[PDB]
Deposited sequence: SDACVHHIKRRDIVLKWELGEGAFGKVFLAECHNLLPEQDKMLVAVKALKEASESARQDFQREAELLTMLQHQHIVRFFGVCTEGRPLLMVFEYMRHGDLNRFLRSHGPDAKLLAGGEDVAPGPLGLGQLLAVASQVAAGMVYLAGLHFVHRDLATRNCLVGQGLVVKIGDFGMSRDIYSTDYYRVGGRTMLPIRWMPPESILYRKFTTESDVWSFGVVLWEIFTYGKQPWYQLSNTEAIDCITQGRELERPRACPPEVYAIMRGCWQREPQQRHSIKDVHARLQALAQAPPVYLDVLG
């Protein structure tokens, strides 16, 4: 620390936002912070736990990017220990995708169109996540849990990458429990991770392709038809995911580039970003023929 601190008197808890196996989240007001405003603070079911606290906090202060969830600091004066995050109006990206497509019948508010998310908004979401992964790959930080459930959405449809937390709880359909003390998002993992237990930046690229998949299917779980073991089988043996139907061939071409068996044979995340960004800012005329 080397970590910003926030006095408790500046933080006023309003109500709970969510609850994890080890942490709670409250929506709260935070005074004398900027330049008054709303923040999301997390409390800790302390057990030991006071070690991983000032570990995550130091990391989050190092990770400052336009597409990584902002971290304002901590409150260590007294208990419980708090981490002050910025508040993202629309919650996690998976809940946002499911609630806006393909029905979605009107269903859009202040930041989002009525019906299902347009091709331009889908590409805009993917581009932002890729942009966040380029940053993390630039610092050689491996995420090991890249999914929509770990991405937050704020006002003006700002997508930012984070790491729950909540994910382990009530999203347990997305995890395979092994050993009793460890769960694995095997549906998002590359073959060299499932088999060889190896996680690299190239493993994140595979994960992003699966995230890029999710976006164009509105939050639907990968290999939804399959069980945990069956999903492992298909990924190991080298089965690829479907594309229908909001995904243009040009975009599915990007997913497969992330889904090469050999990690070195995959494309860089900077490359994937470049293609997704161009497609995002491309004119309607170009996008209507995709």
Compare what was deposited with what's modelled and send me the C-alpha-less stretches, numbered from 1. 1-2, 38-40, 53-54, 113, 299
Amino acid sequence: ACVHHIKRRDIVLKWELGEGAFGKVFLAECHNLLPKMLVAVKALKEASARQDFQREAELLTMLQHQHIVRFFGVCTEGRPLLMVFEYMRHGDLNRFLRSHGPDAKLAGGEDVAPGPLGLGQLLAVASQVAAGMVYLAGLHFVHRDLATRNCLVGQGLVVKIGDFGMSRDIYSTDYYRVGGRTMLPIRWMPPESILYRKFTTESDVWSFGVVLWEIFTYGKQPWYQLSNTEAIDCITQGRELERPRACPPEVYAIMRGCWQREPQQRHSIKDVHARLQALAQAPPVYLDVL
From here on, numbers count along this sequence of modelled residues.
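Just so we're on the same page, rigid core means the largest C-alpha set that superposes within 1.5 Å between forms.
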After superposing on the rigid core, which of 196-204 and 129-137 has its C-alpha atoms sitting farther from this form in 9 other deposited structures of this protein? 196-204
After superposing on the rigid core, the stretch whose C-alphas lie farther from this form in 9 other deposited structures of this protein, comparing 116-124 with 155-163, is 155-163
Does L93, which is modelled here, drop out in at least a third of the other compared PDB entries? no
Is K220 left out in a third or more of the other entries? no
Pick between 278-286 and 10-18: the one whose mean CA B-factor in the entry is higher. 278-286
Can you tell me whether 187-195 has a higher mean C-alpha B factor than 133-141 in this record, or the other way round? 133-141
Identity of residue with top Cα B-factor, from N32, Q221, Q66, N228: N32
Between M166, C151, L82, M88, let me know which has the highest C-alpha B-factor in the entry? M166
Assigned third (lowest, middle, highest) for the C-alpha B factor of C75: middle
Ranked C-alpha temperature factor of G120 among modelled chain residues, by third: middle
Compare the C-alpha B factor of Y252 with those of the other modelled residues in its chain, then answer lowest, middle or highest third. middle
For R95, does the deposited CA B-factor place it in the lowest, middle or highest third of the chain? lowest
Compared with the other modelled residues in the chain, in which third is the CA B-factor of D103? highest
